[PDB]
Protein chains: 2
Amino acid sequence: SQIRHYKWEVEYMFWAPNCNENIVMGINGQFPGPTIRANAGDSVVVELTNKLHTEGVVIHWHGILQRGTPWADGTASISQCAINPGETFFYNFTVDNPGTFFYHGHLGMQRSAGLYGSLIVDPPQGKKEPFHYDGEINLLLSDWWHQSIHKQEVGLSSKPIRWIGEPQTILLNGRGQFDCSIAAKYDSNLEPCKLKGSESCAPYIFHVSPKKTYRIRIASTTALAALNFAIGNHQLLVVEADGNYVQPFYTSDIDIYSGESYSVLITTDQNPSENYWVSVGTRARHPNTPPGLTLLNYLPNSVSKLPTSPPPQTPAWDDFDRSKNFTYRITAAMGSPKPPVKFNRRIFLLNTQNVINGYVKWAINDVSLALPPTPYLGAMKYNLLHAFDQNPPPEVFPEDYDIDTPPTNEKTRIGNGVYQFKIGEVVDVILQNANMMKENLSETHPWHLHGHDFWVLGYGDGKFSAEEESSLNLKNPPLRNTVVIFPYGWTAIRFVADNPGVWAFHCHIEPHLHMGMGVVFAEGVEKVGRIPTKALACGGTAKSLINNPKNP
Amino acid sequence: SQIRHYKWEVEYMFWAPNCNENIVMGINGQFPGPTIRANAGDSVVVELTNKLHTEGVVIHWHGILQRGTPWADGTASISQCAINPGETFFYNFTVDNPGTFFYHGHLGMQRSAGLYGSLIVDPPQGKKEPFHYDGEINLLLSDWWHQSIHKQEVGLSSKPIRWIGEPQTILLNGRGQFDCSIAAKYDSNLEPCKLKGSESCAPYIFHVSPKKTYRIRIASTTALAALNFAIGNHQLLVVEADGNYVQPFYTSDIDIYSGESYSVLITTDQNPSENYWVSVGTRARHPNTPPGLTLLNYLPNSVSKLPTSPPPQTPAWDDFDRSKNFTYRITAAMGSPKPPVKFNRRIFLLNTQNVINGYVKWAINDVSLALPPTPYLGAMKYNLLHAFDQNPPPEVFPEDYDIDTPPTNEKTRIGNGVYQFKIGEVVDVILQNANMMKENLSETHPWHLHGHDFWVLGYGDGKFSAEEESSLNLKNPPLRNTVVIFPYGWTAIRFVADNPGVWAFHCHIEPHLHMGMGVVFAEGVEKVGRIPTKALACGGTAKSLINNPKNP
Ligand SMILES: *[C@@H]1O[C@H](CO)[C@@H](O)[C@H](O)[C@H]1NC(C)=O
Ligand SMILES: *[C@@H]1O[C@H](CO)[C@@H](O)[C@H](O)[C@H]1NC(C)=O
Ligand SMILES: [Cu+2]
Ligand SMILES: [Cu+2]
Ligand SMILES: [Cu+2]
Ligand SMILES: [Cu+2]
Ligand SMILES: [Cu+2]
Ligand SMILES: [Cu+2]
Ligand SMILES: [Cu+2]
Ligand SMILES: [Cu+2]
Ligand SMILES: [Cu+2]
Ligand SMILES: [O-]
Ligand SMILES: [O-]
């Protein structure tokens, strides 16, 4: 086991992801950030210096469990106080298992500004992957707006709210094209991009040799878009989801929601004289963004040798039965950890879009989360009972609530209480979707849990009831860290509260988390060790711990 | 009989139709143009002064037959030379039958620039309409782009072609809204308009009293958009179409393609305590334009009092079965002229989208129309045989043509020949639609005939075959001047070549006309009287009528 050390600086910089200049948040002058790669069992040390002028910053390592290091999870106001301008903080954690992961900003909407990159973990040295491939291609998906993130944040907090709208561009490894298409030859209504291939927005080409097998790692840090990935003429064999192996299955395209990572295998068994299209299109929302496009370039064909076919047409955005068909087919690989069969706690979380005092907010069992200035982890370790609400938040919603109709907003409040578990509890969480404020509308929400993987026990339409208990999968359920709820449906997950610390469970669409769509879970904080002083130096924790008497 | 005399000047002016300023082509300082209202049998005298600086101008009176006066049709390079900067021209013509008509620009793409307005012809003096209503409402529909008409024209004449794209705003009597919605109340994601009611883009509100019946006259002069009209909680009785009366029927909404006009009656039955939504949305092309909206305000309710329901959602753009279900209902009112049972001429016109010398052109039986600098009517009256191509244009296409495949463009050319008819022939035209350059695309095209109304004999899917004869309606076919061809289908029309003159038959979508999609018919030209000198004053006709010898 090696210690992988990174020395990083976060600073804004002019950059043109889609060849239209804007500012991006870069790490050591790079957009996307540098890839961390390590082998399971290695320690990763990141010393991060904040070189933003007035903003604090944190980095969250999505999919890493932070077992023994809950302070290093990178969540402002939950695991730590944000890092101030000109300061250096050390994130020191172990990577326990192989998988496609990534990192992103977790303070305000900084991740939408560009703060993200890959974190890949290979098997322990000497050990190998359960499947063979010759090469690897790594792909990070994100979306991009030409409006400022600070204008987006202010607009989401105004009365009337100003929605951010559909992204202008889908970024594949940091690059995308706006107002022109690299596939304009198939339709004279499209404007041709004039690109020599050297530009910042020039496509990241996938170069493959004929008759080989490649693992394509795909992760999504989109702020809003749900995307569908497809390669012309090539089948994809799904072998990994969220750092865990799934029972393999072929598919023509995959759906991928913000927070998810997959590994797909392909084989370059097609006609070697041509190149093929890779298309990443928007689904689950009415599309207003052109697809992200690149080439699967079979070497030695020139990359300017365009495919004979158009890019694969994206599946219809609203065919949620097609979406469920893909999603329900995901099961744990043969030999994986099976869930505990009985639970100790089951919580029901109703997901609504509400209006709290003129403002459109999202709420979970009528509580829209407002995060405190004192980090929950420090505050619970030092038993600071005034830093946030001690009253247990609701574990059920009313059985007379009608999920087919808009909310009345009668009791909807803002809060910051924490659900508390005893170390060792088996917890089931039933997520229930419902109609939004507009009549006859409900959307998909990807939910992500920090510091744990969970088994996805099942999905269903309408309101969950006791009739549905027998449908829950306890044999084969996949272990994931992100899961979707479909329009008007429910999703059930189970996990064991065995990781000391304070962990959020929230929708991974960034405007939704900004509008309060999340809850905070805490377990065994009595067993948490020493927290770095920089993670404690703000709020109530700096107040109680800085000895500065008066008269003494 | 009465002479209506209009004194008119056309001049560009600054105007903001959707509250974004641009230049509009106004008549007598107003946009849209003044309404002409007369009784059938009157003579309209319009003396037009061209106050544009470097551009010529012409006005076409859509739907008026120009019986006796082919020179006043207002088609540059067909009926007349364009009127020069600083010159006045008189258009004198009789309005023969009552209806809802309109006028628009017919030189370059000048009508897209705002040159249009209403022409309503009432019944002969003393006579009454065949139906009762207590009031009438006049609506003219158009669409609006923010780019210049001349940057659009250069874009469509360029290699590679720069397509104009979907409109930014649908206009309802010259007003529409951009980037905000007057119906934002039903959806948080929309931006409210900050309108007082006084602005240039404030909606023309329809004021009605309860328990009455009104005739809403609706005409379309859009350059591109096919629209759908619907009023919340009000069924429509279709009673007139293209100046002629149809067999009445009820419908919840109508489709209207460019160049058509309708009259619909409604009764204000619904609850008098509220206002209802009028909604005009895009159909037939994938929409990227917000609906044109206004209120049916039931007096004395305040106009700030919104309806309790959202605007009616427009029917799906591509439900062509739904479209045909409406279109195929229209039949002539009993008492109307029945067609000649036998025809003397049948022509087959294949509509394709081609690439001629790198330019994307539209063509009819592989000839893309390019108009000559000499006006056809002048050319043919003076028998100037070198002024255009005297060879007959193609009257049939290859029966071995695959209408499901892109064209090859092998023999596609540009030309300017004319189909000539003997005065009195019963001419049959079958318009055949086909696949465009993009694989698997065929669009609707509104075709309009000048100087005539035709009977719409039938419509069919696929290629017309002679075995199709028994479906053609010779019993009740409607009299129209504009008709659509649906994707991959044919439409058959019949008319009588009884009006001395040169007349066009073209696709009424303004870009397609700019790209060559139309034909020119001429009949009985030796029966045309004296043409106005200004109409003759250009090209070959000026050259051969100006006596200017040399040495003298
Ligand atoms: C993190 O690792 C660095 C380098 O080994 C060490 O100096 C620092 O004290 C460590 N801090 C924590 C909280 O482990
Ligand atoms: C048109 O009518 C006006 C008014 O009667 C007359 O002065 C003008 O000469 C007429 N011109 C034509 C071409 O008929
Ligand atoms: Cu994340
Ligand atoms: Cu995470
Ligand atoms: Cu759409
Ligand atoms: Cu969400
Ligand atoms: Cu998070
Ligand atoms: Cu016309
Ligand atoms: Cu017209
Ligand atoms: Cu057309
Ligand atoms: Cu015309
Ligand atoms: O995470
Ligand atoms: O016309």
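A short reminder: the numbers here are calculations on the coordinates, not readings from a lab. Here the Cβ positions follow ideal geometry from the backbone for every residue, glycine too, while neighbour counts run over all protein chains shown.
Okay, here's what the table says:
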{"item": "Prolate/oblate/rounded label for the stretch B:131-336 (Cα gyration tensor, a/c 1.5)", "result": "oblate"}
{"item": "Cβ-based exposure ranking for A:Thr444, B:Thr308, A:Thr251, A:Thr352, in which fewest neighbours within 10 Å come first", "result": "B:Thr308, A:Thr251, A:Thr444, A:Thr352"}
{"item": "Highest-first arrangement of A:434-441, B:362-369, B:153-160, where packing means the average Cβ count within 10 Å", "result": "B:362-369, A:434-441, B:153-160"}
{"item": "Interchain or long-range residues, amide H under 5 Å from A:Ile78's placed H", "result": "A:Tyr376"}
{"item": "16 Å Cα-Cα reach of A:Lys159 towards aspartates and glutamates, excluding residues that sit fewer than 8 places from it in its own chain", "result": "B:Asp187, B:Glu191"}
{"item": "Unit charges at the beta carbon, dipole of the protein assembly as shown: most positive-side option, B:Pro123, A:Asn28, B:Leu431", "result": "A:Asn28"}
{"item": "Chain A - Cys residues lacking any other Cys C-beta under 4.7 Å", "result": "A:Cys507"}
{"item": "Theoretical ellipticity at 222 nm over chain A - DSSP helices of four or more residues, -39500 (n - 2.57) apiece, nearest 500", "result": "-1500 deg cm²/dmol"}
{"item": "Cα-derived Rg to Rh of the stretch B:460-552, Kirkwood definition", "result": "1.14"}
{"item": "For the protein assembly as shown, share of DSSP beta bridges that run antiparallel, in % to the nearest 5", "result": "75 percent"}
{"item": "Calculated FRET efficiency for the pair B:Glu395/A:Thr267, C-beta based, R₀ 51 Å, to 0.05", "result": "0.40"}
{"item": "Neighbour-count order for B:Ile546, B:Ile254, A:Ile205, fewest beta carbons within 10 angstrom listed first", "result": "B:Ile546, A:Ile205, B:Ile254"}
{"item": "³J(HN,Hα), Karplus 6.51/-1.76/1.60, whole Hz, each residue of the stretch B:323-338, x for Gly, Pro", "result": "4, 5, 4, 6, 4, 6, 5, 3, 9, 5, 5, 5, x, 6, x, 8"}
{"item": "Dipole magnitude of chain A about its Cα centre (Cβ charges: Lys, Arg +1; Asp, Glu -1), debye to nearest 20", "result": "1160 debye"}
{"item": "3J(HN,Hα) from dihedral phi, the stretch B:167-177, Karplus parametrisation 6.51/-1.76/1.60, rounded to Hz, x for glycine, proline", "result": "x, 7, 9, 8, 10, 10, 6, x, 10, x, 10"}
{"item": "Across the identical copies, how the B:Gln30 labels are spaced - nm, sorted shortest first, 7 Å along Cα→Cβ", "result": "6.7"}
{"item": "Equivalent-ellipsoid semi-axes of chain B, from the Cα gyration tensor, Å, largest first", "result": "36, 27, 25"}
{"item": "Computed over the stretch A:1-139, Cα set: Rg, Dmax in Å", "result": "15.6, 48"}
{"item": "Sorted peptide list for A:389-399, A:74-84, B:381-391, criterion being average Cβ within 10 angstrom, highest first", "result": "A:74-84, B:381-391, A:389-399"}
{"item": "Whole-Hz ³J(HN,Hα) from phi, Karplus 6.51 cos²θ - 1.76 cosθ + 1.60, for the stretch B:242-255, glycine and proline x", "result": "6, x, 10, 9, 9, 5, x, 7, 9, 7, 7, 6, 10, 9"}
{"item": "Low-density loop positions, trypsin sites (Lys or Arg not before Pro), the stretch A:85-156 - DSSP coil, at most 13 other Cβ in 10 Å", "result": "A:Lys127, A:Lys128"}
{"item": "Nm distances between copies for A:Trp163, ranked from closest, using label points 7 Å along Cα→Cβ", "result": "2.6"}
{"item": "Anchor A:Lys211: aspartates and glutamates whose Cα lies under 16 Å away (excluding residues fewer than 8 positions away in-chain)", "result": "A:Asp134, A:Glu136, A:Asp269, A:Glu274"}
{"item": "10 Å Cβ neighbours from other chains, averaged over peptide A:182-189", "result": "4"}
{"item": "Two-site label geometry, A:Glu439 and A:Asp498: point separation in nm, points 7 Å out along Cα→Cβ", "result": "5.1 nm"}
{"item": "Label point 7 Å beyond Cα along the C-beta direction, distances from B:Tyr401 to other copies (nm, shortest first)", "result": "6.2"}
{"item": "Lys, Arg +1 and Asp, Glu -1 on Cβ, resulting dipole of the stretch B:1-130 about Cα centre, debye, nearest 20", "result": "280 debye"}
{"item": "Selection from B:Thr75, B:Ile64, B:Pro85 lying farthest towards where the dipole of the stretch B:1-130 points positive, charges on Cβ", "result": "B:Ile64"}
{"item": "Antiparallel content of DSSP bridges confined to chain A, in %, to 5", "result": "75 percent"}
{"item": "Amide proton proximity set for A:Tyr298, modelled H, under 5 Å, gap of 5+", "result": "A:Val208, A:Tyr276"}
{"item": "Whole-angstrom gap from the stretch B:248-270 to the stretch B:1-55, using each part's C-alpha centre", "result": "27 Å"}
{"item": "Axis-proximal residue, chain B, for the rotation superposing B on A (Cβ, Å)", "result": "B:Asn288, 4"}
{"item": "Rounded Å value of the spacing that divides the Cα centres of the stretch B:147-208 and the stretch B:337-354", "result": "37 Å"}
{"item": "Entries of A:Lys338/A:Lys381; B:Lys128/B:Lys305; B:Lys324/B:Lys438 with Cα pairs more than 27 Å apart", "result": "A:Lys338/A:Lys381; B:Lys128/B:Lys305"}
{"item": "10 Å Cβ neighbours from other chains, averaged over peptide B:150-161", "result": "1"}
{"item": "20 Å binning of all Cα-Cα separations within the protein assembly as shown, expressed as whole percents from 0 upward", "result": "11, 35, 30, 18, 5, 0, 0"}
{"item": "Kirkwood hydrodynamic radius (C-alpha pairs) into Stokes-Einstein, the stretch A:337-552, 4 °C and 1.567 mPa s, D in µm²/s", "result": "70 µm²/s"}
{"item": "Beta bridges by DSSP in the stretch A:337-552, antiparallel share as percent, to the nearest 5", "result": "75 percent"}
{"item": "Whole-number percent relative contact order across chain B, with pairs defined as alpha carbons under 8 Å at least 6 apart", "result": "14 percent"}
{"item": "Unsatisfied cross-links (Cα-Cα over 24 Å) in the set B:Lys7/B:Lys196; A:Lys127/A:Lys527; B:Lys51/B:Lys534; A:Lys361/B:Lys196; A:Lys127/A:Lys475", "result": "B:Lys7/B:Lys196; A:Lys127/A:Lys527; A:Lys361/B:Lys196; A:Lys127/A:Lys475"}
{"item": "Long-range amide H partners of B:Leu119 with built H, under 5 Å", "result": "B:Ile36, B:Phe101, B:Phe102, B:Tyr103"}
{"item": "Dipole axis of the protein assembly as shown (+1 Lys, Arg; -1 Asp, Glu on Cβ), positive-most option in B:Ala497, B:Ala466, A:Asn288", "result": "A:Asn288"}
{"item": "Equivalent ellipsoid dimensions for the stretch A:405-511 as semi-axes, Å, which come from the Cα gyration tensor, largest first", "result": "24, 19, 13"}
{"item": "Principal axes of the stretch B:327-386: Cα extent on each, largest first, Å", "result": "49, 35, 20"}
{"item": "Cβ-Cβ FRET estimate between A:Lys527 and A:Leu474, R0 fixed at 30 Å, reported to 0.05", "result": "0.55"}
